[PDB]
Every structure is written in structure tokens, then in C-alpha cells.
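Take a look at this single chain, the form deposited without ligand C5P, given in C-alpha cells.
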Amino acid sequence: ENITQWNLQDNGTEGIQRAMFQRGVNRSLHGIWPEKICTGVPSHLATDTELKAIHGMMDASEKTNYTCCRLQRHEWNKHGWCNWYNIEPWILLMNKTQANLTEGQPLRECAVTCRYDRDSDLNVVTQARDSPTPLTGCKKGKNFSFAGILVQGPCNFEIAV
């Protein structure tokens, strides 16, 4: 029921993706999204110390030189507090999810946002998730590149029929 989304390195994409390519990082966690989105005053103010414990997860913000902890705090505020109640279980999950992402191509990896590269003739996956979803910026008929890994379809498993 929870969507796990992450960023993948792409020099062709200004922002987090360019920074990941430079830093030799393949997959950086974006968030874990339950059905319920949090509204109102959070239960706990996520400190940088707490948020730095999610090892390997880069910030999508230029303001922190794509390090910590803007994206991280945003995630706890919008998706974390009202669903996990405590920061400790949330931190451990986010970190274990990022640990697994650092290992390599996940069991379930589906393109979310693409950036078609005319030179290589590939759909360079900028963001991916553990469930198939309507694509964005993807050219139909072209193969996919998930941080260097070439896949025929938008997912690393069969969806259809």
C-alpha cells in the first residue's frame, strides 16, 4: 500500500540527478508514501541529527548543496508523522530502504519520470518506484536506462496480460 520513490543519477537533469552523477551515487530515496497525507502541526520537529541518520539519502535542494535535511524534513512533515507516529520507526525504515537502494537494482523498479536522450536513443529514468505508474517525459517505443541498467519495458518485471 506504501509507495517507495527514489531519484536516479542523470547528468542530463539539472538538480539532484546531476549531483548524484558527480557524487557517483546511483539511487537516492525520495520518500515512502502511505495513502494518508499529513496536515497540520507535526507531532515532532525532525532535527538534522535525526534526519542525517538516513544514510545515503541526498536532499533535492540546491540550498544544502543536495545533502541534508530539507527533502528529509519535508517527508517527515507530509508523510511521516501522522502515519508512523514516532520518528524512530520512520528513520529506521527510511534508512533500511536507502541501504537496500545503495545495494543496486531493486526487485521492483518502475520508471516515473524520464528524460529522453537523443544521442543514446534511451529513456533515462530520473525517478522510479516499486509499483507501475503513468509515465512522464517518456518516448514510446524507446528502451529505458535506470542509472546505467538497460531495460526493455518501464519496469524490471512484466506487468501486462
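All residue numbers are counted from 1 along the displayed sequence.
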| property | result |
| --- | --- |
| 101 to 109 or 114 to 122, whichever carries the higher mean Cα B-factor | 114 to 122 |
| Mean Cα B-factor comparison, 65 to 73 or 90 to 98, giving the higher one as deposited | 65 to 73 |
| Position of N156 among the chain's modelled residues by C-alpha B-factor, lowest, middle or highest third | highest |
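From this point on, the text means the form deposited with ligand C5P bound, which you will not see here.
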{"item": "Clash check, ligand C5P transplanted in the deposited complex by site C-alpha superposition, 2.4 Å backbone/C-beta", "value": "open"}
{"item": "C155, heavy atom within 4.5 angstroms of ligand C5P in the deposited complex", "value": "no"}
